[PDB]
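Novice: The structure under discussion is supplied below as structure tokens; questions concerning it will follow.
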Amino acid sequence: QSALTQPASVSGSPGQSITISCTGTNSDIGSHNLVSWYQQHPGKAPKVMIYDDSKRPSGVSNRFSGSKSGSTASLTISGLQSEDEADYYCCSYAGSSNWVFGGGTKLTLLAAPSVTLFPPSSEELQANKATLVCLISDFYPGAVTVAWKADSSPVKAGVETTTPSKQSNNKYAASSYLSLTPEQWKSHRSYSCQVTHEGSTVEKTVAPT
Amino acid sequence: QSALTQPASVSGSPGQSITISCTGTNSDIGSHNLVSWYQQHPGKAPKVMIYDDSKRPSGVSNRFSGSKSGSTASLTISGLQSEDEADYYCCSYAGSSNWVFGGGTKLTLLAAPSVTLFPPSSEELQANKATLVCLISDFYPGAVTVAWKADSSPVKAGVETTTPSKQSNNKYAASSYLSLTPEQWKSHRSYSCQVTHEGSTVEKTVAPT
Amino acid sequence: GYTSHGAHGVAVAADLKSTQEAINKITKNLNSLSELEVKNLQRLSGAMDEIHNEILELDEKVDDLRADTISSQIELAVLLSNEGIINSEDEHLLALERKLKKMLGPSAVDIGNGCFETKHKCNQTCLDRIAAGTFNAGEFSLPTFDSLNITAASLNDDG
Amino acid sequence: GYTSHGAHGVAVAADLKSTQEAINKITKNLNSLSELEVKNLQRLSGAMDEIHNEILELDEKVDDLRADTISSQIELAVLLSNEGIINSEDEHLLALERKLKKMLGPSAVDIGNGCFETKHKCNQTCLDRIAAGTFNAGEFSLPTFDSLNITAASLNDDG
Amino acid sequence: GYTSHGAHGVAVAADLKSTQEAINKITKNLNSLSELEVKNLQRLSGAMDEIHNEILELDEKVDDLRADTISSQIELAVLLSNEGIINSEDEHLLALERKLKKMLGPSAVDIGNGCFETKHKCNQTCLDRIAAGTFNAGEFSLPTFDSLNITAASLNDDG
Amino acid sequence: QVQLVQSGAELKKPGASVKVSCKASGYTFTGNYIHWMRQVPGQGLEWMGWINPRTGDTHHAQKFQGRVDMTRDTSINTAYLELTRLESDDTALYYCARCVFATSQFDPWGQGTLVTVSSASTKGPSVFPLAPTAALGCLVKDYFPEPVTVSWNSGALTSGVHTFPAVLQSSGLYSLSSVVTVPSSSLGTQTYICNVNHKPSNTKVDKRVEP
Amino acid sequence: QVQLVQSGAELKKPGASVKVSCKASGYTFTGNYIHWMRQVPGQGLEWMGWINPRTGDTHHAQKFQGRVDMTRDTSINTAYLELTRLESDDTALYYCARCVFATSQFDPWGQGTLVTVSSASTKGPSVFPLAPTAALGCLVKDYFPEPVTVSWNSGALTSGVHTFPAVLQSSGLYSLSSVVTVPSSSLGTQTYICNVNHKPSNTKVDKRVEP
């Protein structure tokens, strides 16, 4: 059963008006006035935005306007806002008691990092293990390089850096976990986490003290 | 669409039993049990008298009885009264969501006038106009003649006499409006209105004084 | 001498003539089939003409049933509006009534005041004909033609 | 001298005789057609006999549905009386009850207490026969008769 | 001496030949019939193929009606549950719902939320075809064959 | 009380269009059909059509197809009949009537709206007194179109009151008179004032009568 | 409040079976259908089926026929979706949604239940403190499967709290950390404790953070 065709992603500036299309067959969109548009944020369940091709659930902003023409539904968002950056799905009844979701569309909008370097805890060292945690947040876009340094040398051993992940404030976050035995934690004088975002490099540093 | 065939008019003395028929086709009267009889007085909207071929609206006297046979309805009125003098209409459903009225029947039963002569008002004379108003009421039958007399000469200039008009008490009323210049109101000594009904002549008269 | 040439000329004329008697029969036999078979075909056609009408009658029996149910459903639904059971502004009820009135079909006739009467096209005789099931195309048959014999001229022994 | 009366006398009877053999075939050919067509016609009648039955079966399918809807509607209305939603003495409700009861048709059977059940004449096999639509009158054929040649007597040259 | 044997020999060959000319026509005449009849039969068969289609079309019109009614009934009953008129746990109402749902038939399609839509198999063109009733098996005819005469060779008087 | 209230009388030119309202009261506005009738003065009743307030189904007679529209406002419970391409024959009293489920009963009837199709102009009346048991009245003169509604002392009394039918002057303007009989002992001790309305011109005017 | 509460995340080996519950609240449990969807992380939504709570009638997508069952307990207003013969592709967030009469409106949506199909051993996390306006946090280390839920002082505060996405270490065990910013004046004067839950392992544990 063919998923309804949606654009992969769309972009726009704040305050602009944009539209996302969802094309299908006559049997699903054209034949039935039961198309709905749902928004979803990262780490959040989908939220219904439009139903029955125009109808607005209570609490939904006026800026979201649904429409249908032939076998093609459309959702127009006037006056683009920060909260609008999200994934959006069309869903239509496809006959024979069946409902089909579209391929989805990522609406994106057209930020320095916030580094936090935490050392191995006392308990972890007592547990014959050690880990340095480098936490990055509130950087836009989601493209960042992370580097680990033992005193003044690149470590690279078991760094375990996560991918950038979108935030609720249209920014990104990440974490790096340099795991190592405590034996080389007291040995090396200090440990540095360097984070490059769009050339700009910010470094945190700690030591056993 | 053919109007249902009713008698043009019927007559009957008080206390008698009379009947008014309404003939149509099978398609309208015969094939539908939706024949109704409505009474209408002059200057008043129709009032329902019978519906569904026998049913009597609340407040309607027991004297009125509806019946149907073939494509012919019949409304019988026993113990005829003064209030019964009126127009009566049959109305039936004629298929295809259509309703048809009958031609109507004027029910009439089997009186000297009441003259009132008013001269021109003071304001109207100051308005450079004069009118003499002859008002007639409560005369039976509704046949009357009216004449005007300047002093003792027939005027005939702009008399404006209405036709007899039925009253609420089964009698008739009429009005004549002799229009004239104030110049030919003061100069003439007197002005009289004569009304003839069934030979009997009644005259009113006014003067400038 | 006795001229026997007259005899042989008589003989062949018989063989021809008798043969003609077969031929003219055979053509007639051919025609005898044809005019009969056309009567059968048309008769069969008539049977088809019956069956189609029956279908049309049954179609009317369907249509009246559509009028029979839907209006009654409306008659129930409107009653629920009339008895105050459900709000007359109940949007679901209004949509249901609109749906029902859209499904009425041609046979129903609005008698005014939210009520419809079924103008039954398939009358009592229609229903009796349908329930009878007395259709019968009947039997068909064709003639059997017998053999035809041609006779030689019997040479008359002049004894 | 040799009497030649035997020679020519042999010839004509052959021209006669061969012709008879053609006639005997041609007559047979007529019958050869006539028997087959009657079988064809009857076959068509059989197909017609099938079609009529389908209509009757489909008529049963109508009747059951008439019993299906109206009875159910009645069973709804009685509930509205049983629950006391609308007055049991409600004249409109009772009028709808009576009208629905009048439209019950033949397939409905009362079971007491105002309840009805549909006695389904068109069973599951009936529905499958109707829905499959496997009607086929089939093809028809008739024979083609070949030409026949009448033989003259070959004058036997006494070599 | 002039031998007259050739003269008589000129005669008989005509009687055969013309007779053959009749026979060859007659066989063709038979063929002329047999070819035509099969065309008529097949034509009738085509008409039967038409008729059956209408029945199937009519059957779809039945099923759609079954879908039109029962869902609309269920939609009402559920609505009585929706507005709190009848207890949602009312066992009679639930039994009614189950019985209705069992009688939905094939064309009924659940669309979600206790709602069923009728996927009409007999579309507008189907309904127009059924109501038109434009069936016509048409006329049928078969040929008639002219008589054939066998000619004797005219003895040419050499005067 | 179950009641219907129609809009006031209207004057239009030929080819124009009119809209007549009929406000319902005293019952469920969606629980009946509204059937529209017309009657020429002095002639028989003519059925025009019906409208469903609930669903909006409307039937027009074949005579009135293409010129008449039926609508309603369920919020205020008011049906509306719109006639287009007006002609002289359309001049008539138009009535709305409530009609009940499975009944032919048209009940109650509106008071009627007088539609007048003519080439004409609206003009208010001139009110004159008519002073002297004795009878006293008011002369309504030189107005157009019909009708006008008269009360006495704002309808405080109705005994002896007799509103006469109007006459169409040779000038084409209308005039009538409304009179009442009063005892001669009430003269100078009771103020008598006639209150007249000409809705097409919309001239509510009062006139006190004195000897 | 109209709400749907789904069961916690689940981990199963290939070929096994999983059952997800969805408790309804704030509305009539039988007055809607319950529709089941799935979405792989980073991918689009996939419709699975629906169930009538009133009758128990269900529809499955043809893709999921034979592997998915839908049931309900009306006494507790709960639906149940059971998937058998689990495979790697079945690893996804599964959602229940309420669908309304004659509407395309799936409203409200459950929070989602993450189901994971992998071949794997459940292990509770190791909690460590992360001491120093200043920031402080808790390191969740060496657990499997995802996810875990972290609060601070039993959800008493949310300002500054940021849960980070977890990292899949090379050893097949997960780790994340939860950090919160506090004014440096509150150090030593307020007891700050992170409360962490690993429902697959059922590891509710608290950890106070001090210098």
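Going by the structure tokens order, chains are called A, B, ..., each with residues numbered from 1, while ligands are numbered from 1 in the order shown.
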Using only C-alpha atoms, I'd like a table of the residues in stretch 44-152 of chain D that come within 8 Å of stretch 38-59 of chain C; for each, show the closest atom pair and its distance in Å rounded to one decimal, ordered by chain and ascending number, as a tab-separated table.
Specialist:
residue	atom	partner	partner_atom	distance
D:45	CA	C:44	CA	8.0
D:48	CA	C:48	CA	8.0
D:52	CA	C:51	CA	7.0
D:55	CA	C:55	CA	7.1
D:59	CA	C:58	CA	7.0
Novice: May I ask you to extract the residues of chain F within 10 Å of chain B, using only C-alpha atoms, and to give them as number ranges by chain?
Specialist: F: 35, 37, 41-50, 58-63, 93-95, 97, 102-112, 126-132, 135-139, 141, 162, 164-170, 175-179
Novice: All C-alpha atoms, paired in order, least-squares superposition of chain C on chain E: what RMSD does that give?
Specialist: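 In short, the RMSD is 0.4 Å.
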Novice: Please produce, as a tab-separated table, a per-residue contact table for chain C versus chain B (criterion: any atom at most 6 Å away, only C-alpha atoms considered), showing the nearest atom pair and its distance in Å to one decimal, sorted by chain then residue number.
Specialist:
residue	atom	partner	partner_atom	distance
C:109	CA	B:96	CA	6.0
C:110	CA	B:97	CA	5.2
C:111	CA	B:97	CA	5.6
Novice: Mind writing the picked residues with N, CA and C atoms as a short mmCIF file (atom, residue, chain, number, x, y, z; two decimals), in the first residue's frame?
Specialist:
data_model
loop_
_atom_site.label_atom_id
_atom_site.label_comp_id
_atom_site.auth_asym_id
_atom_site.auth_seq_id
_atom_site.Cartn_x
_atom_site.Cartn_y
_atom_site.Cartn_z
N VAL C 109 -41.41 10.08 -2.39
CA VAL C 109 -42.00 11.36 -2.75
C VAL C 109 -42.27 12.12 -1.45
N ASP C 110 -41.71 13.32 -1.35
CA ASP C 110 -41.94 14.15 -0.17
C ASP C 110 -43.40 14.58 -0.13
N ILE C 111 -44.10 14.20 0.94
CA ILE C 111 -45.48 14.58 1.17
C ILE C 111 -45.59 15.85 1.99
#
Novice: So which residues touch stretch 83-98 of chain E within 9 Å, counting only C-alpha atoms, skipping near sequence neighbours fewer than 5 positions away, as a ChimeraX atom specification?
Specialist: /C:85-86 /D:72,75-76,79-80,83,85 /E:73-74,77-78,103 /G:30,54-55
Novice: Would you put the residues from that selection into a file with C-alpha atoms, as a compact mmCIF listing (two decimals), in the first residue's frame?
Specialist:
# COMPACT_ATOMS: atom_id res chain seq x y z
CA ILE C 85 -34.70 13.04 23.16
CA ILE C 86 -31.73 14.51 21.27
CA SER D 72 -34.52 -4.55 12.97
CA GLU D 75 -36.67 -4.09 17.27
CA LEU D 76 -35.12 -0.66 17.68
CA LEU D 79 -36.48 -0.73 22.71
CA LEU D 80 -37.34 2.97 22.74
CA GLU D 83 -36.49 1.99 27.83
CA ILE D 85 -37.42 7.05 26.03
CA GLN E 73 -29.36 1.84 11.38
CA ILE E 74 -26.17 1.17 13.34
CA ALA E 77 -28.12 3.03 17.53
CA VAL E 78 -24.57 4.11 18.33
CA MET E 103 -25.95 -8.48 8.46
CA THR G 30 -16.17 2.88 24.28
CA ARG G 54 -17.28 -1.27 22.26
CA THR G 55 -17.41 -4.58 20.35
Novice: Please identify the helix (DSSP H, G or I) residues within stretch 17-161 of chain A (assignment by DSSP from backbone atoms) and present them as a ChimeraX atom specification.
Specialist: /A:26-30,82-84,122-126
Novice: Give me the least-squares superposed chain A (reference chain B; all C-alpha atoms paired in order) as an mmCIF file with C-alpha atoms, in the first residue's frame.
Specialist:
data_model
loop_
_atom_site.group_PDB
_atom_site.id
_atom_site.type_symbol
_atom_site.label_atom_id
_atom_site.label_comp_id
_atom_site.auth_asym_id
_atom_site.auth_seq_id
_atom_site.Cartn_x
_atom_site.Cartn_y
_atom_site.Cartn_z
ATOM 1 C CA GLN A 1 -51.553 22.314 -12.664
ATOM 2 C CA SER A 2 -55.342 22.331 -12.477
ATOM 3 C CA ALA A 3 -56.862 24.206 -9.561
ATOM 4 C CA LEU A 4 -59.373 22.066 -7.705
ATOM 5 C CA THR A 5 -62.912 22.825 -8.830
ATOM 6 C CA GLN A 6 -65.035 24.566 -6.188
ATOM 7 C CA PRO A 7 -68.463 26.218 -6.511
ATOM 8 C CA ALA A 8 -68.192 29.966 -6.997
ATOM 9 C CA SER A 9 -70.556 30.782 -4.126
ATOM 10 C CA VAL A 10 -73.289 29.245 -1.983
ATOM 11 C CA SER A 11 -76.142 30.712 0.050
ATOM 12 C CA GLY A 12 -78.307 29.611 2.955
ATOM 13 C CA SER A 13 -80.483 30.871 5.774
ATOM 14 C CA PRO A 14 -79.440 30.952 9.450
ATOM 15 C CA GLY A 15 -79.682 27.613 11.221
ATOM 16 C CA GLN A 16 -79.712 25.653 7.968
ATOM 17 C CA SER A 17 -77.211 22.972 6.992
ATOM 18 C CA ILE A 18 -75.159 23.522 3.831
ATOM 19 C CA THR A 19 -72.326 21.710 2.075
ATOM 20 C CA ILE A 20 -69.489 22.838 -0.204
ATOM 21 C CA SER A 21 -67.874 20.362 -2.604
ATOM 22 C CA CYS A 22 -64.333 20.352 -3.985
ATOM 23 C CA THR A 23 -63.678 17.969 -6.881
ATOM 24 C CA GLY A 24 -60.277 17.020 -8.256
ATOM 25 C CA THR A 25 -58.375 14.126 -9.832
ATOM 26 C CA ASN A 26 -57.499 10.811 -8.242
ATOM 27 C CA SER A 27 -53.829 11.835 -8.064
ATOM 28 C CA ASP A 28 -54.632 14.726 -5.674
ATOM 29 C CA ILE A 29 -57.828 13.990 -3.692
ATOM 30 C CA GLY A 30 -58.507 10.318 -4.384
ATOM 31 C CA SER A 31 -54.920 9.143 -3.964
ATOM 32 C CA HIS A 32 -54.152 11.144 -0.797
ATOM 33 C CA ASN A 33 -56.012 11.631 2.484
ATOM 34 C CA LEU A 34 -54.546 15.112 2.948
ATOM 35 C CA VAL A 35 -57.367 17.468 1.912
ATOM 36 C CA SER A 36 -57.986 20.498 4.130
ATOM 37 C CA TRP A 37 -60.639 23.213 4.317
ATOM 38 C CA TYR A 38 -59.749 26.796 5.277
ATOM 39 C CA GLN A 39 -61.997 29.773 6.048
ATOM 40 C CA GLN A 40 -61.048 33.399 5.399
ATOM 41 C CA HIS A 41 -62.780 36.655 6.322
ATOM 42 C CA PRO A 42 -62.297 40.065 4.670
ATOM 43 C CA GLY A 43 -59.073 41.695 5.771
ATOM 44 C CA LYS A 44 -58.112 38.516 7.647
ATOM 45 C CA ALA A 45 -55.693 35.696 6.983
ATOM 46 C CA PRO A 46 -57.105 32.217 6.295
ATOM 47 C CA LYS A 47 -58.085 30.075 9.270
ATOM 48 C CA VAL A 48 -57.836 26.303 9.040
ATOM 49 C CA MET A 49 -61.154 24.525 9.619
ATOM 50 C CA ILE A 50 -60.627 20.861 8.660
ATOM 51 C CA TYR A 51 -57.582 18.746 7.819
ATOM 52 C CA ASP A 52 -56.937 15.142 6.764
ATOM 53 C CA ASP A 53 -60.487 15.015 5.331
ATOM 54 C CA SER A 54 -62.220 14.897 8.732
ATOM 55 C CA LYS A 55 -59.927 16.129 11.479
ATOM 56 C CA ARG A 56 -61.018 19.171 13.459
ATOM 57 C CA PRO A 57 -58.397 21.564 14.896
ATOM 58 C CA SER A 58 -58.871 22.474 18.538
ATOM 59 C CA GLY A 59 -61.166 25.461 18.980
ATOM 60 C CA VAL A 60 -63.126 24.794 15.777
ATOM 61 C CA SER A 61 -66.869 24.380 16.247
ATOM 62 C CA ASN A 62 -68.500 20.966 15.933
ATOM 63 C CA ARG A 63 -70.750 22.226 13.124
ATOM 64 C CA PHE A 64 -67.916 21.993 10.562
ATOM 65 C CA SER A 65 -67.633 18.395 9.327
ATOM 66 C CA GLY A 66 -65.269 17.301 6.571
ATOM 67 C CA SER A 67 -65.594 14.247 4.361
ATOM 68 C CA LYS A 68 -64.135 12.680 1.231
ATOM 69 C CA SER A 69 -65.531 10.411 -1.477
ATOM 70 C CA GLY A 70 -63.421 9.420 -4.459
ATOM 71 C CA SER A 71 -61.696 12.510 -5.829
ATOM 72 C CA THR A 72 -64.271 14.831 -4.200
ATOM 73 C CA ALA A 73 -63.893 16.389 -0.761
ATOM 74 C CA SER A 74 -66.834 18.017 0.995
ATOM 75 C CA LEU A 75 -67.371 20.306 3.976
ATOM 76 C CA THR A 76 -70.788 20.334 5.649
ATOM 77 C CA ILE A 77 -71.678 23.224 7.952
ATOM 78 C CA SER A 78 -74.757 22.391 10.001
ATOM 79 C CA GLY A 79 -76.703 25.098 11.807
ATOM 80 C CA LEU A 80 -75.619 28.102 9.761
ATOM 81 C CA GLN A 81 -74.562 31.184 11.739
ATOM 82 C CA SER A 82 -73.643 34.820 11.177
ATOM 83 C CA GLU A 83 -69.908 34.143 11.532
ATOM 84 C CA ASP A 84 -70.022 31.461 8.818
ATOM 85 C CA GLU A 85 -70.436 33.967 5.962
ATOM 86 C CA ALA A 86 -66.917 33.911 4.524
ATOM 87 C CA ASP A 87 -64.726 32.603 1.724
ATOM 88 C CA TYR A 88 -63.769 28.936 1.915
ATOM 89 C CA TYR A 89 -60.954 27.101 0.144
ATOM 90 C CA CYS A 90 -60.109 23.449 -0.283
ATOM 91 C CA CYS A 91 -56.404 22.619 -0.441
ATOM 92 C CA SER A 92 -54.994 19.222 -1.393
ATOM 93 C CA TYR A 93 -51.605 17.661 -1.928
ATOM 94 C CA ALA A 94 -51.207 16.981 -5.659
ATOM 95 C CA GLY A 95 -48.194 14.674 -5.658
ATOM 96 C CA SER A 96 -44.577 15.502 -6.489
ATOM 97 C CA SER A 97 -44.263 17.725 -3.406
ATOM 98 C CA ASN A 98 -47.016 20.034 -4.710
ATOM 99 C CA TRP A 99 -50.113 21.477 -3.047
ATOM 100 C CA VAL A 100 -53.060 22.979 -4.925
ATOM 101 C CA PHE A 101 -55.779 25.311 -3.659
ATOM 102 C CA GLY A 102 -59.316 25.218 -4.946
ATOM 103 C CA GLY A 103 -61.077 28.015 -6.763
ATOM 104 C CA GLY A 104 -62.831 28.982 -3.534
ATOM 105 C CA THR A 105 -66.464 29.425 -2.557
ATOM 106 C CA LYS A 106 -68.152 32.517 -1.135
ATOM 107 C CA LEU A 107 -70.615 31.480 1.584
ATOM 108 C CA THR A 108 -73.211 34.247 1.968
ATOM 109 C CA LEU A 109 -76.269 34.576 4.215
ATOM 110 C CA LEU A 110 -79.824 35.353 3.092
ATOM 111 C CA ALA A 111 -79.758 47.224 6.672
ATOM 112 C CA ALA A 112 -80.022 51.000 6.625
ATOM 113 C CA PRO A 113 -76.864 53.131 6.317
ATOM 114 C CA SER A 114 -75.059 55.086 9.027
ATOM 115 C CA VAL A 115 -74.054 58.370 7.423
ATOM 116 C CA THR A 116 -71.357 60.645 8.838
ATOM 117 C CA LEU A 117 -70.500 63.874 7.012
ATOM 118 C CA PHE A 118 -67.233 65.523 8.075
ATOM 119 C CA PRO A 119 -66.167 68.867 6.574
ATOM 120 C CA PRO A 120 -62.689 69.986 5.534
ATOM 121 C CA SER A 121 -60.418 70.424 8.527
ATOM 122 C CA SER A 122 -58.992 73.809 9.449
ATOM 123 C CA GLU A 123 -55.474 72.583 8.646
ATOM 124 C CA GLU A 124 -56.543 71.334 5.217
ATOM 125 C CA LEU A 125 -58.098 74.708 4.409
ATOM 126 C CA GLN A 126 -54.866 76.311 5.612
ATOM 127 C CA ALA A 127 -53.115 73.854 3.258
ATOM 128 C CA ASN A 128 -54.960 75.377 0.256
ATOM 129 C CA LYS A 129 -57.156 72.289 -0.137
ATOM 130 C CA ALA A 130 -60.524 71.094 1.102
ATOM 131 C CA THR A 131 -62.348 67.769 1.241
ATOM 132 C CA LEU A 132 -65.767 66.598 2.415
ATOM 133 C CA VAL A 133 -65.832 63.052 3.808
ATOM 134 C CA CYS A 134 -69.039 60.988 3.677
ATOM 135 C CA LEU A 135 -68.754 57.763 5.695
ATOM 136 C CA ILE A 136 -71.363 55.002 5.399
ATOM 137 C CA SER A 137 -71.454 51.846 7.495
ATOM 138 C CA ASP A 138 -73.618 48.954 8.641
ATOM 139 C CA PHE A 139 -75.783 48.690 5.526
ATOM 140 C CA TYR A 140 -76.896 45.380 4.036
ATOM 141 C CA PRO A 141 -76.871 44.409 1.138
ATOM 142 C CA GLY A 142 -73.774 46.060 -0.345
ATOM 143 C CA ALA A 143 -75.579 48.167 -2.958
ATOM 144 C CA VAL A 144 -75.700 51.919 -2.342
ATOM 145 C CA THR A 145 -75.791 55.134 -4.376
ATOM 146 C CA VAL A 146 -73.908 58.238 -3.208
ATOM 147 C CA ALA A 147 -74.655 61.778 -4.382
ATOM 148 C CA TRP A 148 -72.956 65.093 -3.635
ATOM 149 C CA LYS A 149 -74.716 68.458 -3.613
ATOM 150 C CA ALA A 150 -73.403 72.022 -3.511
ATOM 151 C CA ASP A 151 -76.232 73.780 -1.667
ATOM 152 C CA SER A 152 -78.871 72.343 -4.030
ATOM 153 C CA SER A 153 -76.946 71.297 -7.181
ATOM 154 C CA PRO A 154 -75.186 68.003 -8.075
ATOM 155 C CA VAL A 155 -71.425 68.500 -7.801
ATOM 156 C CA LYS A 156 -69.956 65.263 -9.249
ATOM 157 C CA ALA A 157 -66.442 66.833 -9.469
ATOM 158 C CA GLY A 158 -63.794 64.615 -7.894
ATOM 159 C CA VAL A 159 -66.058 62.638 -5.577
ATOM 160 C CA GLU A 160 -63.923 59.448 -5.384
ATOM 161 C CA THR A 161 -66.466 57.007 -3.920
ATOM 162 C CA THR A 162 -65.147 53.604 -2.878
ATOM 163 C CA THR A 163 -66.840 50.306 -3.562
ATOM 164 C CA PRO A 164 -68.912 48.663 -0.802
ATOM 165 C CA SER A 165 -66.733 46.477 1.413
ATOM 166 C CA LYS A 166 -67.931 43.631 3.616
ATOM 167 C CA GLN A 167 -67.811 44.145 7.383
ATOM 168 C CA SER A 168 -67.042 41.703 10.185
ATOM 169 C CA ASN A 169 -70.771 41.843 11.073
ATOM 170 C CA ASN A 170 -71.898 40.656 7.607
ATOM 171 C CA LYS A 171 -72.668 44.263 6.570
ATOM 172 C CA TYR A 172 -71.008 46.808 4.288
ATOM 173 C CA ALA A 173 -69.167 50.116 4.550
ATOM 174 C CA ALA A 174 -68.081 52.854 2.151
ATOM 175 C CA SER A 175 -66.504 56.297 1.975
ATOM 176 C CA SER A 176 -66.727 59.251 -0.422
ATOM 177 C CA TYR A 177 -64.186 62.080 -0.672
ATOM 178 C CA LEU A 178 -65.444 65.209 -2.424
ATOM 179 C CA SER A 179 -62.226 67.163 -2.956
ATOM 180 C CA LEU A 180 -62.417 70.851 -3.842
ATOM 181 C CA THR A 181 -60.521 74.087 -3.426
ATOM 182 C CA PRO A 182 -61.434 76.104 -0.300
ATOM 183 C CA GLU A 183 -62.389 79.001 -2.593
ATOM 184 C CA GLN A 184 -65.739 77.362 -3.432
ATOM 185 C CA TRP A 185 -66.169 76.020 0.126
ATOM 186 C CA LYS A 186 -66.830 79.390 1.749
ATOM 187 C CA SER A 187 -68.550 80.575 -1.443
ATOM 188 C CA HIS A 188 -71.298 77.962 -1.557
ATOM 189 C CA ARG A 189 -73.557 78.156 1.484
ATOM 190 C CA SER A 190 -73.531 74.461 2.371
ATOM 191 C CA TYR A 191 -72.761 70.968 1.128
ATOM 192 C CA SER A 192 -74.945 67.863 1.301
ATOM 193 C CA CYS A 193 -74.205 64.148 0.988
ATOM 194 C CA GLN A 194 -77.205 62.028 -0.019
ATOM 195 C CA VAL A 195 -77.060 58.239 0.282
ATOM 196 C CA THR A 196 -79.710 55.975 -1.257
ATOM 197 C CA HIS A 197 -79.881 52.372 -0.019
ATOM 198 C CA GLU A 198 -82.721 50.358 -1.557
ATOM 199 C CA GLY A 199 -84.727 53.487 -2.281
ATOM 200 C CA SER A 200 -84.459 54.858 1.253
ATOM 201 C CA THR A 201 -82.539 58.145 1.060
ATOM 202 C CA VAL A 202 -80.623 59.625 4.009
ATOM 203 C CA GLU A 203 -78.942 63.033 3.755
ATOM 204 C CA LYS A 204 -76.256 64.717 5.834
ATOM 205 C CA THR A 205 -75.376 68.375 5.400
ATOM 206 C CA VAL A 206 -72.746 70.858 6.586
ATOM 207 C CA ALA A 207 -71.732 74.464 5.949
ATOM 208 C CA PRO A 208 -68.789 76.788 6.669
ATOM 209 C CA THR A 209 -70.858 78.401 9.450
#
Novice: Just the number, please: distance in Å from atom CA of residue D:118 to atom CA of residue D:132, one decimal.
Specialist: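 About the pair atom CA of residue D:118 and atom CA of residue D:132: they are 24.0 Å apart.
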Novice: Excluding same-chain residues fewer than 6 positions from residue D:71, what lies within 8 Å of it counting only C-alpha atoms, as an NGL selection string?
Specialist: :D and (100-101 or 104 or 108 or 115-118)
Novice: Output N, CA, C and O atoms of each residue in that selection to a file, as an mmCIF file, in the first residue's frame.
Specialist:
data_model
loop_
_atom_site.group_PDB
_atom_site.id
_atom_site.type_symbol
_atom_site.label_atom_id
_atom_site.label_comp_id
_atom_site.auth_asym_id
_atom_site.auth_seq_id
_atom_site.Cartn_x
_atom_site.Cartn_y
_atom_site.Cartn_z
ATOM 1 N N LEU D 100 -44.446 0.032 9.798
ATOM 2 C CA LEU D 100 -43.350 -0.908 9.611
ATOM 3 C C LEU D 100 -43.864 -2.339 9.600
ATOM 4 O O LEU D 100 -43.429 -3.162 8.786
ATOM 5 N N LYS D 101 -44.799 -2.653 10.498
ATOM 6 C CA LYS D 101 -45.364 -3.994 10.533
ATOM 7 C C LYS D 101 -46.080 -4.320 9.232
ATOM 8 O O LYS D 101 -45.982 -5.445 8.731
ATOM 9 N N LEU D 104 -43.798 -5.540 6.399
ATOM 10 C CA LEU D 104 -42.917 -6.642 6.770
ATOM 11 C C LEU D 104 -42.615 -7.553 5.589
ATOM 12 O O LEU D 104 -41.480 -8.016 5.440
ATOM 13 N N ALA D 108 -40.639 -12.355 6.878
ATOM 14 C CA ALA D 108 -40.612 -12.125 8.315
ATOM 15 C C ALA D 108 -41.577 -13.064 9.025
ATOM 16 O O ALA D 108 -42.671 -13.342 8.524
ATOM 17 N N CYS D 115 -41.606 -9.204 18.532
ATOM 18 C CA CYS D 115 -40.332 -9.456 17.874
ATOM 19 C C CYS D 115 -40.529 -10.310 16.626
ATOM 20 O O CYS D 115 -41.441 -11.138 16.551
ATOM 21 N N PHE D 116 -39.651 -10.097 15.644
ATOM 22 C CA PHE D 116 -39.707 -10.778 14.359
ATOM 23 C C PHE D 116 -38.325 -11.297 13.990
ATOM 24 O O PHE D 116 -37.304 -10.759 14.429
ATOM 25 N N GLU D 117 -38.307 -12.353 13.180
ATOM 26 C CA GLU D 117 -37.079 -12.943 12.664
ATOM 27 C C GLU D 117 -37.216 -13.174 11.166
ATOM 28 O O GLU D 117 -38.298 -13.514 10.674
ATOM 29 N N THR D 118 -36.114 -12.986 10.443
ATOM 30 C CA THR D 118 -36.104 -13.168 8.997
ATOM 31 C C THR D 118 -35.823 -14.628 8.660
ATOM 32 O O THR D 118 -34.745 -15.147 8.972
#
